[PDB]
Structures are given as C-alpha cells and as structure tokens.
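*Asks:* I'd like to ask some things about the structure below.
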Amino acid sequence: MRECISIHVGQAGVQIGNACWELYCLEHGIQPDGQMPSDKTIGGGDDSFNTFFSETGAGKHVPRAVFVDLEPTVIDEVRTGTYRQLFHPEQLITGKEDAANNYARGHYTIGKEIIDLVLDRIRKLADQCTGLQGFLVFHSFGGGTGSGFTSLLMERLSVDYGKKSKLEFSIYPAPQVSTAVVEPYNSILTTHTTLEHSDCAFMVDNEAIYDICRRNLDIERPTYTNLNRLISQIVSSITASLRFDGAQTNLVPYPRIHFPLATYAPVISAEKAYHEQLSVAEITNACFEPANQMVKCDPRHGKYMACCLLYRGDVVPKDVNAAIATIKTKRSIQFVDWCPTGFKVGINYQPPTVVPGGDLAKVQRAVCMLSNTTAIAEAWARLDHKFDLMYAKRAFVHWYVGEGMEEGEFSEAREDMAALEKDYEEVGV
Amino acid sequence: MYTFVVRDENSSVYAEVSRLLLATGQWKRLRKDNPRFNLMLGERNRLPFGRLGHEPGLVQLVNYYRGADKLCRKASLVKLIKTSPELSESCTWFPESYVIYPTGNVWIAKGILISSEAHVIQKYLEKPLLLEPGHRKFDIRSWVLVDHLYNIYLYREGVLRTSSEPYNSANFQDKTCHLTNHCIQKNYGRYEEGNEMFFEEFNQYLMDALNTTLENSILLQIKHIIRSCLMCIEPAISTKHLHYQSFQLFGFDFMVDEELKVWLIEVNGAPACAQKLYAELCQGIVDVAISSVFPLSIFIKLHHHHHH
Amino acid sequence: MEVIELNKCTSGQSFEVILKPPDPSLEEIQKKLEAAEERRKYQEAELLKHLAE
Amino acid sequence: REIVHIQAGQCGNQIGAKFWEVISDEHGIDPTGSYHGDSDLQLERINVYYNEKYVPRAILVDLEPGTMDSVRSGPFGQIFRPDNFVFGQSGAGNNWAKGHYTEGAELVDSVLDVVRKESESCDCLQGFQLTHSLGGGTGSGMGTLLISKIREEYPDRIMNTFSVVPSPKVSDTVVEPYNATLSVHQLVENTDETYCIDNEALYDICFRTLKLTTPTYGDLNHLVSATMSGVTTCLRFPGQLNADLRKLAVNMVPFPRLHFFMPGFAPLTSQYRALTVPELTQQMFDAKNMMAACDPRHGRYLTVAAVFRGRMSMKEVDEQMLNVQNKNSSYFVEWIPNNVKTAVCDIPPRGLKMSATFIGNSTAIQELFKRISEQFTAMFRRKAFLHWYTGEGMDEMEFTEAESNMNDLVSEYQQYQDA
Ligand SMILES: Nc1nc2c(ncn2[C@@H]2O[C@H](COP(=O)(O)OP(=O)(O)OP(=O)(O)O)[C@@H](O)[C@H]2O)c(=O)[nH]1
Ligand SMILES: Nc1ncnc2c1ncn2[C@@H]1O[C@H](COP(=O)(O)OP(=O)(O)CP(=O)(O)O)[C@@H](O)[C@H]1O
Ligand SMILES: Nc1nc2c(ncn2[C@@H]2O[C@H](COP(=O)(O)OP(=O)(O)O)[C@@H](O)[C@H]2O)c(=O)[nH]1
Ligand SMILES: [Ca+2]
Ligand SMILES: [Ca+2]
Ligand SMILES: [Mg+2]
Ligand SMILES: [Mg+2]
C-alpha cells in the first residue's frame, strides 16, 4: 500500500485531528476502541484503509498519527476522551510550556527541547510502513507551536525523509476567532521557512469557515467544534481516494505555487427538517461560487492551473460531464495558456458521513473541488499588508528578538512573500 | 454614523460625493489607510480589491467594479466585442476595429492619427451628422451608474461635446475640426458655452431641423448599446454573493452618423462631469448607489426582458 | 469535451475531462538553532551583569 | 500553570488580602482551605493560584508587623501558609531608601527563601504578581528591590504588578512623588506588565460617581478588588484568550517599556437590575470607569483586552465590541490590526449577574506619569525633604536618573500616539 502518516501540531492541529480521526473511524466502521468488525483479515491487511490505520494482533486499528503540542492541556483531552483507546500513549506527545503565540519560541527556544523526541516517534511509525508515501501536517499559521514548531519539523523531515511528499493543512488566521495580535508575523515566518519543504498546502481561512457555519448551518456564534467538523469533511474528501478503492503532479506545475483553493458543497443544516435535494449540476455550480470556498477570494479575477473534483454519493459520470460542460459556458473559468483546460474527477459512491449530533445534514451527494488558482494570492496580500503595518513600527518584534531571532529573519521572510506575490501575479494577469 | 475613505484626490466627481456625504452629518471621513470603513472611494490604478470584505461588523462598498477595465481600455474593448457571442464580430454599432502592436478606406489610430494608408486601428466615421450653423462634428457623452444590485441607471442629462470648426473631408492632418475633445478644442465657445450643447437644445435642433426627436432618433440606440455592453460583462464583474459590494460610474461616448445611426467609440471607467451637472449627478450617486446600501429620480433604469 | 483515463471499481470511479488543449543539511539546522541559543545566552548574561552592578 | 503572589507593605497587604477573599469566594474555597462549590469550572485551573486543602501560593511581606497581625486576624487570614508571613520590626517610615537600600535589604533574603520554596514545588512556574503601593516605603522601595532580586533568580519568568499610584486626594505624606518616581524607574526596567491602579481615579469614582463624600481605603479597595478579580479571570478559568501571563504580555505589549495598563470596570458599585451588553460595553470604555486617571480620548489605544463575565449572548458581545471600534476607530492605532481582544467567562463575580473588565494599553497613561513628574520636580528643584534620602546613603544623582527615565517614558508614549 502507500501509507500516510499524519502529524497534528499545536492546538488547532490537534483539535482538527480529533475531528478527522473521528470522521475516518465512522466512515470505515472502526469503533472507538479500534475494533473494526467488517475487517476479516485480523492482525494485518493490504486494504485502502490501511493507508491510514495499522493493525495489531488483537484486531485493533491504530491511526498512523502523531499529536504534538508544547503544552499538555489539549492533548490531555485526547488521552481521557472518547477516542483515548484508539491511540498508543507514545503517539500523544506534550511538553509543559507553550510557545506563547511566538513563532520564535516555537521554533528556537521550546522547539529544540522536544524535536528529537518527535522525530523518533515518527520514525517508529515510518518503520511500520511497507511503502511510505508521505506526511500530512495539520497546524495553525498563527499559534507559536503551529507556526514555529511546524517549520522546524518540516526542515527536519526533508533531511530524514528527502524522497517523501509533505502536504499541509494549514489554518489561516481570522480576527473573529484569533487569539493573538501577532498572528500575521507568525504566518509569514512559518510560510517563509516551510515554503521549500512542502509539496502542497491546503489553507483554510477561519473566516470562510466561520461564515459558512453562520450562513448555512444557522449557528449564531460558531465554536471550534463547529468549524473543525466542517474542516474534517474537506479533509476527508481530500484523502478519500487514499482511504477507499479508486484513482501534486496534477495540482502543482510550479514548485512555489502550491496552495490550492478548496471548495465544498453542499453544507446544509441538520435542523433543516424539509430539505430539497441538490443535483449534480447544482453542487458542481456551487463549487465556483465564492461563498463556498475555504478562503474568500474571487477566482474570476485570477487563472486556473488545475482542478480536481471528488464527488461523494449518488453521482454517475454522465451528469458530472453535463454539469462541467454547462459550467464552461456560464462562468469565468480562464486557465493559464500552458495548462489544459480540464478537470480531474474522482467519484466515490459511498454517501458522505456525518457525526451523529453534528450540524451537517446527511446528503445524497456532495463534491469537494481543489483548484489551483492565482486568486488565492488575495489571502497573501491581506496577510502581508497587516504584517507591514506592524513591522514598520517594529511592534512586538522584541518578543522575537528576545528568543534569539534577528530582525533580518522578518525582512527576509517578507521579501519571500513579496516574491511569492510577484509569482502569482505573473501567472494570473 | 457611516464611515468612508478617499483614495482619489484627483477625482472631480467623488470629491463632490465626499462633500455631499459629510454635509449629511451621518458620514465620517476616516484616514486614507484606516480599514474600518463602510465605503472606499478608490484609487484608479491597482485598487486593493482583495482586502475588501474582510472586516467583521462592516458592510463594505467600493466605487469600482473589479474587471470593468475590459470595457474601458481600447485594446480590451475591441477584444471583448469580437469574442463575446452576445456582441460578436457582426455587432452593428461598434466600428470595425483592430488590435495591433509596435516593433473610402479612412481609419484612425489610438497622440492620435487619421489616414487612408498605414494601439487600435478603427474605421474613421466619414459622413458624421453635422450640426448647423457651422457644418461641425460632435460626440455624445452619457453617464451610467451601475449599482451593487447591477441596476443600470442612465443619467437623463448627457452632453454633446462639439467642434467649433467646419468639418473637412479633404484634410485629416488638422485636428479640432476632426477631434471633439473639450481639452483639445481649447473659435472655441462660439455657438454654445464651452463647446457643450446639452439635451434640451439638441432635441430642439433635431425637431426644428430633422423632424425627429432625440429620444426616437438617438437614445433608443444609446440605451441599447449600454445595456448590451454591461449585461455582457455582468457574470464577470457582478458582486451579488461576493463579500464586498461594488458600484461604478461610467462615461459612454457616442458618434452619430448622418443617417442618424449611433456608434460606440469608447467606454470610460473614471469619467468627469460637465460643470452644470455636477450637483445633480453626484446627488443621484449618493441616492441610488450609497444610501441604498447605507440608509439615512434623475436616472432612467435600463431594463428590457423581452421574450423568445 | 474529451473524457479520458476512465477507471471503475465497486466503491467508486475516476476520469479526466479535457474541454480544451493548451534543502539545508542537518548541520546547517543545528547551526542556525545554536546561533539563536548563543544570542539568548548573551542577552541573559548581559542582564545578569547589569543586575550584578 | 503556577503563579507566585507576593504582597508588600500596608497597601500591598490590604488589597492583597482583599484579592484572596474575592477569588477564594469565586473558586468556592472557604477560610479553612476547604472546597464547597457546585461547578467543576472553579477547580479546573485552581492550581494557578493555590497549592494542594487549598492554600494560596501567597507570600506576605512588610517591614512593620502591624499590618501582618490585621491580615492574620482578618476574614481569610487562617488560609495563608503561616511560614509565608515574613516581617521585620523596624518599619520603613514612608521612605523609599529605607525599603530599597537599608532596612529592606536586611529582610529581603528571608522573603527570597519563601519565594524559592514556593517556586521550587511548581510544576511549571509562569511567574509572579506583586501587589504594592508606590507612595510608601516598603511596598515601593522594598517591593522594587524584590522584583530586581526575583529577576536575577528567575530571569526568564514573567513579572506582573498591581501598583497603586499616589495622589494628594488620598495622601499619607508629601514625599509620595519622590517614592513613586524612584519606583517607576524600577518598574520600567524590571516588570513585564504593570496594572496602574490610581488612587486619584479611585477617589474620583467614589466621590463623583458612587456619591461617597469621604471615601475610606475600604471603598477605594472595593474597586481595586473587583478590578483584580476581573483582570485575572483569564488566568483562573478555562479560556482561549490571555490564559497565561506570557500570552497576555505578547498581546498587550508592543514595545518592552510601554507595559503600563489602564484598567476599567463596569458596573461601578459599592444592584437590582443587570446591565445590558450594550451598557456594559459603553461604560467599560468610559473615562469615568478607568482606574487610572487618564482621559483615553487624549491618546490612542495600542492594545485592549476586554473580559465579559456572566451569562450573556456572545453574539451581542461581538457586535457591541465591533461597534465601539468601528465608531471610535481613530482612538485605536491603525498600525496594529485587530488590537482589541475579547474573552467571555460564564461565572460572574459575587453580587453581579453581568460584568465587564477593561485592560487598556493607552498612550494617554502619560497623563499619570506627568502628574507624578510635576509633583516630583516642584519639590526636587528646591531639594525639599531630600536629606531623608541622602541620610540613608543615596545621591541626588539617583533622583536625577529616575526623573529622566520617567520623562523618557512619557516621550515614548507621545511618539507612538503621533505615529
Ligand atoms: N479552525 C480552528 N482554528 C483554531 C483551533 N484552535 C486554534 N485555532 C486558531 O489557531 C490560531 C491559534 O493557534 P493555536 O493552534 O491555538 O496555537 P498553538 O499551536 O497551540 O501555539 P501556542 O499556544 O502558541 O504554543 C488562531 O488563529 C485560532 O483561531 C481549532 O480547533 N480550529
Ligand atoms: N472612429 C471614429 N470616427 C469618428 N471620430 C472619432 C473616431 N474615433 C475617435 N474619434 C474622435 O476622437 C475623439 C476622442 O476619441 P477617443 O474617445 O478615442 O479618445 P478619448 O479617450 O480621449 C475621449 P475621453 O476623454 O472621453 O476618454 C472623439 O470625441 C471623436 O470625435
Ligand atoms: N488604594 C489604597 N491605597 C493605599 C492603601 N494603603 C495605603 N495606600 C496608599 O499607599 C501610599 C502609602 O503606602 P503604604 O503601603 O502605607 O506604605 P508601605 O507600608 O511603606 O508600603 C499612599 O499613596 C496611600 O494613599 C490601601 O489600602 N488602598
Ligand atoms: Ca485487516
Ligand atoms: Ca537594622
Ligand atoms: Mg497552544
Ligand atoms: Mg501607610
């Protein structure tokens, strides 16, 4: 098989991990103790779900995952929660003192203390894989651990596993739920240091998710639990072809342009008693609708380099092709000249899954689109502007310098983002 | 109170909207780079559309439509006419035009040149309609407000920007008799003030001199061009469903030929207004485009849902 | 609109739809990290020297 | 995790005692150390301030024994660790130099032994909070000597103070501006976060708003304890924002020296209708609700923390907090985006259903330092009362340095207000 190891870093990475691993278990019929009655090959197996779950002799399906945080609060909940029997204690790694919303404490000061330990625990999981494909790394841009420790870990992973793909799920910072004025700084520092180490990154803007929950789920004031459950559906659709039977050289034709825009439809509330069921055409259309995107930007004013669609549920290729045809002769889907104008399509017949007592209705059919569009640079421009405002006054910079960074890392990280913005602009205008 | 910022110090029109807003007592002007605004009156070059609609607790509105420059550059306008099936190569009210690059067959280059030899090369309208007295050329400027709902509002007042020189078939080198630009005129001011003849007079001239009306003979066509151009780009520029809203004021420029046919010459993204009409139009920009979105007629609404 | 690479199985299927044709070594990391430690150590010593005064 | 609390001098120990009364009640700890509450939220982060029935992690310091008897016999006096009472016999006589250099120097190593003991059994000590006045001798002079020593032993831990700033309206002595200026000098170099609790403000609230024609220290301290309860809510209960001292510092302090906060509280009391979320929000930002006597409209907010306590709509809080920034946007610096953070804790304080606490880093805090600086110079320029300080070994020059550093602090605040 082609195993994938998931690394969940910091509060955001861990709590999203809880949502994803809960969802995978429900999709695969794995109980919270790790038992999976449907799996008739005890002790091992070569099945698709084995990409994400190893097996013990006792019939137990164990995530190929490490959870890392510099303080124990969030992971202690995993250790005592409903999925505690699912993870071996050594997959759940904590320090005692966090990065205090400071990339530099994450990366340099606290980070150095726990890195060798984490790499060893990753190595244990890597040693259980007959043909490891790579890593999925979940983290916030804005936290000190999510930013600072993640960038340290990615550097080390290139050294220790150079031949291996590293994908990120990265939470971009939104003022309605953010906890630190310095999140722009942390976001640029981590983006800079990770750029050359990451093959593909899926950004989820907390603002986009927050608004989707308000607008489509009728949730007045969304919690992380609300946000993370929706995120987990996107994550599930993105990893589904790995975990089930089916079929970055699709999405990443330029090394640095590796941030595809995710869009998901339909998001419909559980409390909606009477819900009319959306067709293939309607859900495909919703994919080109800015309000369903994981990052709010306007794809009409950029260009496409690739689209991948994964449909889940009652979907046949004929309706997909018909919907796609009509899409071209209605929207502004301009591709770059050096790419084909076309869509990679996966269909998984299993209807999408919902966590019982969640907010998402269980629909007959859903779609997730990943499109590499220059429009996502809108998100960099916004973040870069905030960074400039504070950095001009050197506001908060002493917190970083006191941990051992130089000002130079700031301006060097910022100039890489200026270059990144330049790159996106050339491909898209 | 509502808040706005001001990013075009040079804008005649939105200099007047800012003044009108402030004298309401319900609009405060913030500093240029303060993001907590309801309304941006934007810069014309590189307006930061990607930073709009990310301020929780603020409905944000800007006075430009991202993407409308397709209509408002000569290069891109020709490409749009030619490649949109709504308009097409057969489109009967744009002059035959060609995009070309550096490094009676009478044409014009767009500093402008007019010849029968050889950034856009366009068929020069010989046989324009000439006002009398003075055997003289003009163009018509119509001002169009497209609001956040994509309502297309044509301001009922427009203006003829006239020539003051007899028109000359056999001498295309001399301008002023051929080019009707207010600047590039300034025998100026002879027949009407500032070479501006407004609609009451021109309608009267068309009645007295041609036995028709401005409405029948010119405006149906003006109205048709404007809705055709703007309903064409609507899917690309509309802000329905988007996380900020746009409006924009356009200047549409028309030639009328001697057979009282109308031709589209140019669309203008950042137009100025004629002195007399500043107050009226600028008020209507507040009434229809701003206070509609942020609550406290002189426009014709262009709409025509025909059945086939 | 050309539908290529059609793969089918029981739990799903996949295809393409064409509408139209067209690192630092471990030593560098440990170095970087150690230089930051050295700068924090210096800063700390500088403060303790001043507090000794 | 753990905070080590230190209270010094008369003022330090009176407001400190009140702090422990108020928070013990909020956490359901009675005066014998036992727990009797009905919410697991009260015990979840109990260890931040209490050792394990629950003993405060509190050290009580004075050069004068008077105050330490009256705390020991006060309501919660039973609850303190008896070995954590450390006291001299001599007093400091409202003299900074006595506290800092002569008499306090004698006592301080004993205090440090108690600190070291409490620290050594912390799972992961975050740092220290001190309560003290800056106008007297022990709290001011010895308290700042402590801070300096604590920094030498714990250079990487956060030092937080609640510093009661003096005013002629509630005045024990003319040398108060001397003592305060000498202490501000220390605080600027040696703390990470200082809450400026201004007796000028407290008096003015009691007199103008609460209608008390002669405010006692009890009345002033009733405001101080509500404020201390409020600003430490994010440390004591579960929550995302500013949940520890370092994270607060990182959110509140854009430049190391500008760490003097203007606290605010609503509703002001000494209560038959709960306030609406709009009224709390308007009031908490009002000049009349600030515990430092500065007009925030004479400056700009660098950073703001707002903590809401009680059962209320979190939507309404978010809407009202957005409302006040949007309508007063010029009073928030434009070069620090999203500089206002908001927490909401369910558990209200005693006797209120709804409350708001404000923590502002405003450039208008310069008004406070200027007032002290004016009173200082008036006396120092005639060398008045100096001989009480030179008689303890100090040099004039040391006063000159202190006045200088404070006038510098004012300039910087002004620089960022014009930026
Ligand atoms: N979507 C989502 N965002 C989160 C979650 N937890 C935190 N965030 C966001 O992530 C950022 C804060 O980073 P965290 O992940 O909490 O920080 P951390 O990695 O634990 O880092 P330190 O606490 O600084 O060591 C802010 O933008 C939060 O809104 C979560 O569960 N889901
Ligand atoms: N094909 C054509 N036939 C006749 N006259 C033409 C023409 N093209 C341009 N003109 C003349 O040139 C003048 C200005 O041309 P054009 O509209 O291309 O330039 P411009 O962009 O300066 C006008 P504006 O200042 O409103 O933007 C018109 O008023 C018209 O008289
Ligand atoms: N708010 C308040 N201020 C006090 C209290 N006790 C003293 N003060 C003030 O503190 C200063 C005197 O300091 P004090 O603590 O008595 O001196 P110390 O014992 O030498 O530390 C003066 O400015 C007084 O107004 C108190 O309980 N509350
Ligand atoms: Ca098996
Ligand atoms: Ca002695
Ligand atoms: Mg954390
Ligand atoms: Mg006293």
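Residue numbers (the entry's author numbering), protein chains in the order written: chain A, 1 to 247, 256 to 437; chain F, 1 to 103, 144 to 150, 159 to 166, 180 to 247, 252 to 361, 373 to 384; chain E, 6 to 27, 44 to 74; chain B, 2 to 53, 58 to 275, 280 to 428. Note that beta-carbon positions come from the ideal geometry of N, C-alpha and C, so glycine has one too.
1. Does the beta-carbon of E111 (chain B), which I'm using as the reference point, lie nearer than 7 Å to any heavy atom of ligand 5?
2. Shorter than 8 Å from the beta carbon of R51 (chain F) to some beta carbon of chain A?
3. Rounding to the nearest angstrom, what Cα-Cα distance links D26 (chain B) and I212 (chain A) in this structure?
4. Any beta carbon from chain B within less than 8 Å of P56 (chain F)'s own beta carbon?
5. Rounded to the nearest angstrom, what separates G132 (chain B) and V371 (chain A) at their Cα positions?
6. Excluding the 5 residues flanking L112 (chain B) on each side, which residues of the same chain have their C-beta closer than 8 Å to its C-beta?
7. Touch check for the stretch 243-257 of chain B and the stretch 156-167 of chain B: three-plus C-beta pairs under 8 Å?
8. To be precise: take each residue of the stretch 124-151 of chain B, compare its Cβ to all Cβ atoms of chain A, and keep it if any distance is under 8 Å. Which residues remain?
9. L331 (chain B) touches chain F at which residues, Cβ-Cβ below 7 Å?
10. Along chain F, in chain order, which residues have C-beta atoms closer than 7 Å to that of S340 (chain A)?
11. For ligand 6, list every residue whose C-beta falls under 5 Å from any of its heavy atoms, going in chain order.
12. Can you give the Cα-Cα distance for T312 (chain B) and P305 (chain B), rounded to whole angstroms?
13. Could you tell me how far apart the beta carbons of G316 (chain F) and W147 (chain F) are, in whole angstroms, since I believe they sit closer than 8 Å?
14. Going by DSSP, which residues form a beta bridge with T94 (chain A)?
15. Let me see if you follow: with CB-CB separation under 8 Å, is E67 (chain E) close to chain A or not?
16. Closer than 6 Å by C-beta to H196 (chain F): which residues in its own chain qualify, once you throw out the five before and the five after it? Chain order, please.
17. Can you tell me where the alpha helix (DSSP H) holding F264 (chain F) begins and where it ends?
18. Report all residues for which the CB-ligand distance to some heavy atom of ligand 4 is below 5 Å; order them along the chain.
19. Suppose only complete runs of 4+ residues qualify. What are the alpha helix (DSSP H) ranges in the stretch 271-299 of chain A, listed by chain order?
20. Which of the residues in the stretch 396-428 of chain A, read from start to end, lie with their CB under 7 Å from any CB of chain B?
21. Would you check if the stretch 380-393 of chain A and the stretch 325-343 of chain A touch, i.e. whether three or more CB-CB distances between them fall below 8 Å?
22. Mind listing which residues of the stretch 86-97 of chain A have their C-beta closer than 7 Å to chain B's C-betas, in chain order?
23. Collect the residues with a C-beta less than 6 Å away from any heavy atom of ligand 7 and give them in sequence order along the chain.
24. Taking Cβ-Cβ distances shorter than 7 Å, what residues in chain A pair up with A428 (chain B)?
25. What is the DSSP secondary structure of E331 (chain F), counted as helix, strand or coil?
26. What is the DSSP secondary structure of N229 (chain F), reduced to helix, strand or coil?
27. For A73 (chain E), would you say it is in contact with chain A, using Cβ-to-Cβ distances shorter than 8 Å as the test?
28. Give the DSSP bridge partners of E55 (chain A), in chain order.
29. Counting Cβ pairs closer than 8 Å, one from the stretch 84-94 of chain F and one from the stretch 58-69 of chain F, do we hit at least three?
30. Contact between the stretch 13-20 of chain B and the stretch 172-184 of chain B is defined here as three or more beta-carbon pairs at a separation below 8 Å; is this criterion met?
31. From the DSSP output, in three-state form, read off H264 (chain B) for me.
32. Is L21 (chain F) close to chain B? Criterion is C-beta to C-beta, closer than 8 Å.
33. Is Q340 (chain F) near ligand 2, with its Cβ less than 7 Å from a heavy atom?
34. From the beta carbon of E220 (chain A), is the nearest beta carbon of chain B less than 8 Å away?
35. Which term fits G57 (chain A), buried or exposed, when burial requires 16 or more other beta carbons within 10 angstroms of its beta carbon?
36. Let me check you understand the geometry: is the CB of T257 (chain A) closer than 7 Å to at least one non-hydrogen atom of ligand 2?
*Replies:* Reading it off the structure:
1. Remark: the C-beta of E111 (chain B) is in contact range of ligand 5, defined as less than 7 Å to any heavy atom.
2. At least one chain A Cβ lies under 8 Å of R51 (chain F).
3. Going from the Cα of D26 (chain B) to the Cα of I212 (chain A) covers about 41 Å.
4. With 8 Å as the cut-off, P56 (chain F) counts as an interface residue toward chain B.
5. Taking the straight line from one Cα to the other gives about 52 Å.
6. Once the five neighbours on either side are set aside, the close Cβ partners of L112 (chain B) are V66, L68, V91, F92, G93, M147.
7. At 8 Å Cβ cutoff, the stretches touch.
8. Going along the stretch 124-151 of chain B in chain order, one finds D128, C129 with a Cβ nearer than 8 Å to chain A.
9. Those within 7 Å of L331 (chain B) in chain F are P56, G57.
10. Those are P300, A301, listed as they occur along chain F.
11. My final list is A:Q11, A:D98.
12. C-alpha of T312 (chain B) to C-alpha of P305 (chain B): approximately 12 Å in a straight line.
13. Not confirmed; about 24 Å, so no contact.
14. Bridge partners of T94 (chain A) according to DSSP: A:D69.
15. Cβ-Cβ to chain A under 8 Å: no for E67 (chain E).
16. Correct list, in chain order: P227, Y228.
17. Residues 264-275.
18. This criterion selects A:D39, A:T41, A:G45.
19. As far as the stretch 271-299 of chain A is concerned, its whole alpha helix (DSSP H) runs of at least 4 residues are 288-294.
20. Near chain B, meaning a CB-to-CB distance below 7 Å, the residues of the stretch 396-428 of chain A are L397, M398, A400, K401, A403, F404, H406, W407.
21. Between the stretch 325-343 of chain A and the stretch 380-393 of chain A there are fewer than three inter-stretch CB-CB distances shorter than 8 Å, so the stretches are not counted as touching.
22. Near chain B, meaning a CB-to-CB distance below 7 Å, the residues of the stretch 86-97 of chain A are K96, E97.
23. Counting every residue whose Cβ lies closer than 6 Å to a heavy atom of ligand 7, we get B:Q11, B:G141, B:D177.
24. Per Cβ cutoff of 7 Å: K401.
25. Three-state DSSP puts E331 (chain F) in a strand.
26. In this structure, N229 (chain F) counts as coil in the three-state DSSP scheme.
27. Not closer than 8 Å to any Cβ of chain A, the Cβ of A73 (chain E) fails to qualify, so no.
28. Bridge pairing for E55 (chain A): A:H61 [DSSP].
29. The stretch 84-94 of chain F vs the stretch 58-69 of chain F: no contact.
30. Taking 8 Å as the limit for Cβ pairs, the verdict is that the stretch 172-184 of chain B does not touch the stretch 13-20 of chain B.
31. In this structure, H264 (chain B) counts as coil in the three-state DSSP scheme.
32. In terms of beta-carbon proximity, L21 (chain F) stays away from the interface with chain B, with every pair separated by 8 Å or more.
33. Checking the Cβ of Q340 (chain F) against ligand 2 gives no.
34. With respect to chain B, the C-beta atom of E220 (chain A) has a partner C-beta closer than 8 Å.
35. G57 (chain A) is exposed by the Cβ-count criterion.
36. Checking every heavy atom of ligand 2 against the Cβ of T257 (chain A), none is found closer than 7 Å.
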